[PDB]
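The primary structure of each chain is shown beneath.
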Amino acid sequence: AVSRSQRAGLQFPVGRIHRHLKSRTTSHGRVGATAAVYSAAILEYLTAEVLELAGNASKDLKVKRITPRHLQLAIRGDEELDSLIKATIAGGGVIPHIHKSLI
Amino acid sequence: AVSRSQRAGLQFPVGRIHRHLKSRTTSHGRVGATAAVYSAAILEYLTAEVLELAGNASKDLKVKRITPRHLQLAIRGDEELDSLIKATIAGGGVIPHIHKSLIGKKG
Amino acid sequence: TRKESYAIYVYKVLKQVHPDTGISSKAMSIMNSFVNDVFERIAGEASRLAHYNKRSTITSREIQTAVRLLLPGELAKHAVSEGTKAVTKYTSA
Amino acid sequence: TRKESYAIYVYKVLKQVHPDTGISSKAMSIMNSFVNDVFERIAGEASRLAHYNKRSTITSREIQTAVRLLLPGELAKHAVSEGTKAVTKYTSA
Amino acid sequence: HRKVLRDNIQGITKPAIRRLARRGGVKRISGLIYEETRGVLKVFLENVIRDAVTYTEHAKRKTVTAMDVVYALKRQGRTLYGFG
Amino acid sequence: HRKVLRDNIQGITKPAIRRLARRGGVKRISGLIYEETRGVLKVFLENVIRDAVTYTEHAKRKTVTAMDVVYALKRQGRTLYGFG
Amino acid sequence: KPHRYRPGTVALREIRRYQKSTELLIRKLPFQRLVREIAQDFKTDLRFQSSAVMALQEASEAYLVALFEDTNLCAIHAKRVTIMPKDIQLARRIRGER
Amino acid sequence: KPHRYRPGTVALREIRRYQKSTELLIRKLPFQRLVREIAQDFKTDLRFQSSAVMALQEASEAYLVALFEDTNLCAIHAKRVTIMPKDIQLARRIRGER
DNA sequence: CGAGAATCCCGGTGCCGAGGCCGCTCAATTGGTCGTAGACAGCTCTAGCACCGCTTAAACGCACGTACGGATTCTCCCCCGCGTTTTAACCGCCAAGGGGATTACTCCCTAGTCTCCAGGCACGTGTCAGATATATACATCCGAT
DNA sequence: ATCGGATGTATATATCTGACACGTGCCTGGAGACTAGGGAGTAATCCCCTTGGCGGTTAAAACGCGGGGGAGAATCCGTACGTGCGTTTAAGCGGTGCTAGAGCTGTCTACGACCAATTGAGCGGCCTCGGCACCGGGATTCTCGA
């Protein structure tokens, strides 16, 4: 018995996502096996993309663990991720910026 | 063989809406019979609400038929309907309005 | 090659409200699109509401909560009044 | 009562991409919510697109088109490359 | 078992509004800003609480929940992360 | 069979931009407004046309359709009535 | 001297005319050529439907009119009567586009 | 004479402090009381979860901060340094709220 | 503080699009059966609500001063209005062929049902990452020269 | 330009704790093995409509020029808001108590789906004449300068 998540060389579950996908179709939907694997790789790439940026900011602050403050810095620091993610992070604060006229 | 849409005293279909609803639910999803009847009543009321205001706007222009321009005048003129319908009417124009400061000669 | 539309129902409602008024083809198409838009919004809201509470069916309670969530104020109260009157009429019939 | 979460997989990815840094509970919850949001968007777009073409099957083409429609630019390009590599790796086994 | 509240919008004090404005990044504030902000906040809270109360009414419950608040915020297109 | 187009953005002329502004309800127009408007229109058209092309490419077709255009506009939250 | 109007009254007359009228404002053939020029980048050798082109023109004009109205609001707020590129940029920035 | 700062520097110092900080700014008990009073109109004799109240507080604070940023942008555009109710109204109007 | 120009009504002519009629066909109705979704009833026990007292951080009211918002002139140059000369959009007509829309045939991919056992979830425990003071070191701020 | 006290702010020091991180034990859900059938791919064909081109016409665009009104820059007044101090208020934290109400498990019971006729409702095609578009001629109302 070889797990489907290991045949494709991924970390995210494939069978669990296949179950979730089949429960969100329209009253008769058939879900292909290949569809779940394609969607699993998308989630893994995006998760690995954010944690790369957040981890970089944590090292710059000479700290080890990642807090919600670091997640806000990475997302707002990125231009694409900022466009993709418009939700509000709890406890994330704001990016420091002062306009030229006020000084 | 009485109609199901006639038992509820409506004009919109009930069997057709029930079929449409059943092909929109999630997997292994059921649809109650009274859900179609309740949903058809809302659709008829909203259609009757819009059409009444459109006819009133048309009648002040001494015309007999309703054009897309009359739909824009009725929808944008009303308050609650405007907050509900945000789409673009093809050929509906705009509502005439000029700002107070733009009108020159200070009069 | 059969298409489906709401043209006859829109015409019946129009003849009910304004007995001596016409309609243009473009206006009829716009009305069809608007009706489809509302129907789709209501269906999506009802399906999401049913999924939230781990249910598996769509009922008048789901539809009423959806229309209360969508329609604002006066429209919402009048619409739920017509809905419940239609439902009790259908049930008594 | 058992509750399902993505915490284990998120921690696996974090350990792969940064072998020393850790995570906090609030950050893990935020990542869980973000993953759920993305998955919901992808599923909704794929289902709508499949209904749009008078079909009833969700295969890889709809998901690829959905991620192309949603993700912008080089994010979409890299995601498509990763997805097709994963698909070929699966089929060639 | 129950109680009544008569006027609670004055609990949003002037220093609190000043601190919010400082975090937003403004340098000098007028006088009517406090009243305008109180009105705007009241409107926003009324909308969100109405949606949340509808959600908790539909479920035949008696206590409002953070999950219902999150659903209401998502419905208004103001998605919030970090609460489920 | 095919051809090429070198610079077609100049077809949006100054009288056309002025008429759009008049319908919008402005009284006096500056000089750089035309170039700025051309840039904005180009960006908006690029986004909408890219979405429509993705939609028509998914269906293995070769002709773009009004249904695809309407679908792209709805996906961008700019729903249009009067075309199906 | 020949009859000459003052700056502004003819502008107001055009405002009234184009606010009560309801037809298209941009030339159809140049718009079609621009649409084809833009679309040839994504995929080569495409064909179009007249209804699709008309829908694109409709949406473009509606968006431009809305943006111009917001720009006029900004210009009125800044105690001026002329719209400016900075007004356009401020409106687009507040609306959350770029 | 006692040392006195010029008007303005303390404002900038507070800006830096509250921009680098990441905690809440309004008093939790008055916010709770206001939320309960507002919610009492729609239904009588409700109960609340502390997580729900906190989530409402965070959402309200984020909305207020964003609105104040937009208002400051409007005030800067109007060639001023002080924010005004007209700036607030213009920002809310352009964002399409009322 | 009148005459020229733009607009608004008013009447006549024609024309093609909305409304009604007819044929038809396919999906809404009606019984009858059957499986399971959930509507209640009962029970557990979690936490939301309500007091009580001490600490002290933070609103609150008052004084004073200064700097920023309007108000007022003043200059110049930039966009508006109008007349001439190009130009290419528009309409009508024709022509050819690519590609969209159906139809029939076949095949293969996925859902369903058993077996089976091993990744994830709950729970418990440890130790070290990070709050917290804090005593300097110093980087600006503003009055004075 | 100094220059120089005053004072917020950043650093490198113990210290103490509670919060991540890992080890364990299940157990519910993911992974093979057949089987059936229904949806989708593929090939063939019809014909709609999209593209390309030609010619006349005229409305619209481009160009140029005169000038008047609006944008922007300086200059002043004064008043409203920021900065400090001394009081006064209630938020906050730490306990204790208690019951209303959120979850969790079982039981039928009443719902809704499937299936086989079957027939009327609604869609497609066809007319037709009247609502509406267009054109021409007065009537009226602004508007600018004597």
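Method of structure determination, per the deposited record: cryo-EM was used for this entry, reaching 3.1 Å resolution.

How big an interface is tends to be stated in terms of the accessible area lost upon association of its parts. Each side of the interface is counted separately: chain A has 7 residues, and chain E has 7 residues. Counting the surface lost from both chain A and chain E, the interface buries some 640 Å², and carbon and sulfur atoms represent 65% of this. Broken down residue by residue, the surface that chain A buries against chain E is led by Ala87(A), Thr88(A) and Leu102(A), which jointly contribute 57%. Connecting chain A to chain E are 0 salt bridges. Across the chain A-chain E interface, the total number found is 4 residue pairs in polar contact.

Take the packing of helix α3 (residues 33-59) of chain B against helix α4 (residues 68-77) of chain B next. Residue and element names in this part refer to chain B. Relative to each other, α3 and α4 sit at 115 degrees, their axes nearing to 8 Å. One way to sum up the angle between α3 and α4 is to call them roughly perpendicular. When you trace α3 past α4, the crossing you get is right-handed. Two secondary-structure elements touch here, α3 through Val-50, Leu-53, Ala-54 and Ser-58 and α4 through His-70, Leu-71, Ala-74 and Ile-75.

Summarising the element assignment, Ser24(C) is placed in the loop between α1 (7-17) and α2 (25-52). Within the structure, the side chain of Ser24(C) is placed 3.2 Å from the backbone nitrogen of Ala27(C), a separation counted as a polar contact. Discounting chain neighbours no more than four positions away, the residues touching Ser24(C) are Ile66(B), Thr67(B) and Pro68(B).

As enumerated under the stated definition, the model contains 31 salt bridges over all chains in all. As a salt-bridge pair, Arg22(E) and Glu14(H) come within 3.5 Å of each other at their nearest N and O atoms. Here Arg22(E), found in helix α1 (residues 14-24), pairs with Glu14(H), found in helix α1 (residues 9-20), and the two come from separate chains. Judged by relative accessible area, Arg22(E) falls into the buried class, the value being 5%.

Moving on, we come to the protein's contact with DNA strand J. Around DNA strand J, a shell composed of 70 residues is seen, among which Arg19(A), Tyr9(C), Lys62(E), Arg6(G) and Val81(G) lie nearest. Within 4 Å of the protein, atoms of DNA strand J come from sugar and phosphate in 97% of cases. Within the side chain of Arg16(B), an N or O atom sits 3.3 Å from a phosphate oxygen of DNA strand J. Here a phosphate oxygen of DNA strand J sits 3.3 Å away from a polar atom, N or O, in the main chain of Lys3(C). Put simply, the parts of the chain that give the surface near DNA strand J at least two residues each are α2 (15-22) of chain A, α2 (15-22) and β1 (30-31) of chain B, α1 of chain C, β1 (28-29) of chain E, α1 (14-24) of chain F together with α1 and α2 (28-40) of chain H. Considering each element in turn, the surface near DNA strand J owes the most residues, 5 residues, to α1(H). Looking at the surface near DNA strand J residue by residue, the class counts come to 19 nonpolar, 19 polar and 32 charged.

Right, let's talk about the interface of chain B and chain C for a bit. Counting residues at the interface gives 47 residues for chain B and 50 residues for chain C. Here chain B meets chain C over a buried area of about 4900 Å², counting both sides, of which 71% is carbon and sulfur. Scanning the region where chain B abuts chain C turns up 2 salt bridges. Per-element tally for the side of chain B that touches chain C: the top contributor is α3(B), with 18 residues. Taken together, the residues of the side of chain B that touches chain C sort by class into 26 nonpolar, 11 polar and 10 charged. Note: β1(B) against strand β1 (residues 57-58) of chain C, 2 bridges, orientation parallel. The residue bridging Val31(B) from the neighbouring strand is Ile58(C), located in β1(C).

Quick look at the protein's contact with DNA strand I now. For DNA strand I, the set of nearby residues contains 70 residues, the closest of which are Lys22(A), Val31(A), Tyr9(D), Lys62(F) and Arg36(H). Note that a phosphate oxygen of DNA strand I is positioned 2.7 Å from one of the backbone N or O atoms of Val31(A). A distance of 2.9 Å separates a phosphate oxygen of DNA strand I from a polar side-chain atom of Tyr11(C). Taken together, the elements giving at least two residues each to the surface near DNA strand I come down to α2 and β1 (30-31) of chain A, α1 (7-17) of chain D, α1 of chain E, β1 (28-29) of chain F, α1 (9-20) and α2 (28-39) of chain G together with β1 (47-48) of chain H. In terms of residues, the surface near DNA strand I owes the most to one element, α1(G), which gives 5 residues. A breakdown of the residues in the surface near DNA strand I according to their chemical character gives 19 nonpolar, 17 polar and 34 charged.

Quick look at the arrangement of the chains now. When C-alpha atoms are compared, chain E and chain F, though not in contact, are closest at a spacing of 12 Å. One thing to see here is that chain C and chain G don't touch, and their nearest C-alpha atoms sit 13 Å from each other.

Within the largest apolar cluster, 60 residues are counted, with the highest numbers of intra-cluster contacts made by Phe34(D) and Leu71(D). Among the elements of the structure, α2, α3 (33-60), α4 (68-77) and α5 (80-84) of chain A together with α1, α2 (25-52), α3 (60-70) and α4 (74-91) of chain D are those that each provide at least two residues to this core. The leading source of residues in this core is α3(A), at 13 residues. Contact partners of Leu71(D), with chain neighbours within four places excluded, come to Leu46(A), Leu84(A), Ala76(D) and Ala79(D).

With that settled, consider the packing of aromatic side chains. Counted under the stated rule, the structure contains 12 aromatic pairs over all chains. Relative to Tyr6(C), the ring of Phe12(B) lies with its centre 6.1 Å away and its plane at 15 degrees, an arrangement referred to as stacked. Here the residue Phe12(B) occupies a position in the loop between α1 (4-7) and α2, and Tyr6(C) occupies one in the segment before α1, the pair thus bridging two chains. Of the two residues, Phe12(B) and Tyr6(C), both sit in the buried class. With 4.8 Å between their ring centres and 10 degrees between their planes, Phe44(F) and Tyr63(G) make a pair best called stacked. Highlighted residues: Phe44(F) in helix α2 (residues 33-58) and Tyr63(G) in helix α3 (residues 50-77), drawn from two different chains. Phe44(F) gets classed as buried once you look at its relative accessible area, which sits at 8%. Among the residues examined, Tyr63(G) registers a relative accessible area of 7% and is labelled buried. In this structure, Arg17(G) is placed above the aromatic ring of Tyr18(G), and the distance from its NZ or CZ to the ring centre is 4.6 Å.

About the thresholds
Residues numbered from 1 in each chain as written, not as in the entry; some residues may be left out. Chains lettered and ligands numbered in written order. Heavy atoms only, no water. Residues with missing side-chain atoms left out of burial classes, pairs and counts. Contact = heavy atoms within 4.5 Å. Buried area = accessible area lost by both parts, 1.4 Å probe. Salt bridge = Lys/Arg side-chain N within 4 Å of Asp/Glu carboxyl O. Polar contact = N/O pair within 3.5 Å; in protein donor to acceptor, adjacent residues only side chain to side chain. Axes fitted to C-alpha atoms, helices over the stretch in contact; angles between N-to-C directions. Helix = DSSP H or I, 4+ residues; strand = E, 2+ residues; numbered from the N terminus. Parallel < 35°, antiparallel > 145°, perpendicular 65-115°, else oblique. Left-handed = near helix turned anticlockwise from the far one by under 90°. Buried < 20%, exposed > 50% of the residue type's maximum accessible area, 1.4 Å probe, protein only. Near = heavy atom within 4 Å. Nonpolar A, V, L, I, M, F, W, Y, C, P; charged D, E, K, R; others polar. Pairing = 2+ DSSP bridges. Core = buried A, V, L, I, M, F, W, Y, C linked by side-chain atoms within 4.5 Å. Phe/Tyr/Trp six-rings, centres within 6.5 Å; stacked < 30°, edge-to-face > 60°. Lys NZ or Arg CZ within 6 Å of the ring centre and 35° of its normal.

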